[PDB]
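J.:
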Amino acid sequence: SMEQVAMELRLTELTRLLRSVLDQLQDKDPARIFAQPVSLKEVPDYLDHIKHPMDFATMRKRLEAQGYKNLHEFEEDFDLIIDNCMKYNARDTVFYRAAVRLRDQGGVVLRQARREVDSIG
Numbered sequence: 022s023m024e025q026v027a028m029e030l031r032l033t034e035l036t037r038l039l040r041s042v043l044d045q046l047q048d049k050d051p052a053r054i055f056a057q058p059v060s061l062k063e064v065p066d067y068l069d070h071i072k073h074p075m076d077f078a079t080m081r082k083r084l085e086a087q088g089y090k091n092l093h094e095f096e097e098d099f100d101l102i103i104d105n106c107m108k109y110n111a112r113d114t115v116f117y118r119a120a121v122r123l124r125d126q127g128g129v130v131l132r133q134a135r136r137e138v139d140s141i142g
């Protein structure tokens, strides 16, 4: 149906906007602390602590499969990256501090992305 095509074109355009949001958020992590999944070989207890691990590579695979239907879903995953790190790691650590900085800087980007998603539809 033509309705299904138009919906898919909207999904595709959301995916475009989310890819750019993702690039801007990742630029706020120059250290690359959040680039890849936590290794269970190197942190064998990780899953006892963290129930839903997340990282920018895993967000990027979901994105390229057009797997985010709305900004809310994308934000949920971004928040997991931050929130997981701030639980596993103590306040005095480079990891925790990096998550705080990513959150604060990411907020700016996400605030305007929400306006763009509403504005364009």
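22 is the number of the first residue of the sequence shown in the deposited numbering; add one for each residue after it.
Where a beta carbon is used, it is the ideal one built from N, C-alpha and C, also for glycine.
1) In terms of residues, what are the limits of the alpha helix (DSSP H) holding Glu97?
2) Alpha helix (DSSP H) containing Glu63: first to last residue?
3) Excluding sequence positions up to five away, which residues of its chain have a Cβ less than 6 Å from the Cβ of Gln126?
4) On the three-state DSSP scale, how would you describe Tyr117?
5) Alpha carbon to alpha carbon, how far is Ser60 from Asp66? Give it in angstroms, no decimals.
6) Roughly how many angstroms separate the alpha carbons of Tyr89 and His70, rounded to a whole number?
7) Give me the residue from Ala52, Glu24 and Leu32 with the minimum Cα distance to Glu94.
8) Closer than 7 Å by C-beta to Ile103: which residues in its own chain qualify, once you throw out the five before and the five after it? Chain order, please.
T.: The structure says:
1) Segment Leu92 to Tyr109, the alpha helix (DSSP H) holding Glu97.
2) Segment: none, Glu63 is in no alpha helix (DSSP H) and carries neither H nor E.
3) So the qualifying residues of the chain are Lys49.
4) DSSP places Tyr117 within a helical segment (H, G or I) once states are collapsed to three.
5) Cα to Cα, the separation comes out at about 10 Å.
6) The C-alpha of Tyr89 lies about 26 Å from the C-alpha of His70.
7) Residue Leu32 is the option with its Cα nearest to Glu94.
8) Contacts found: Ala120, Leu123 and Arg124.
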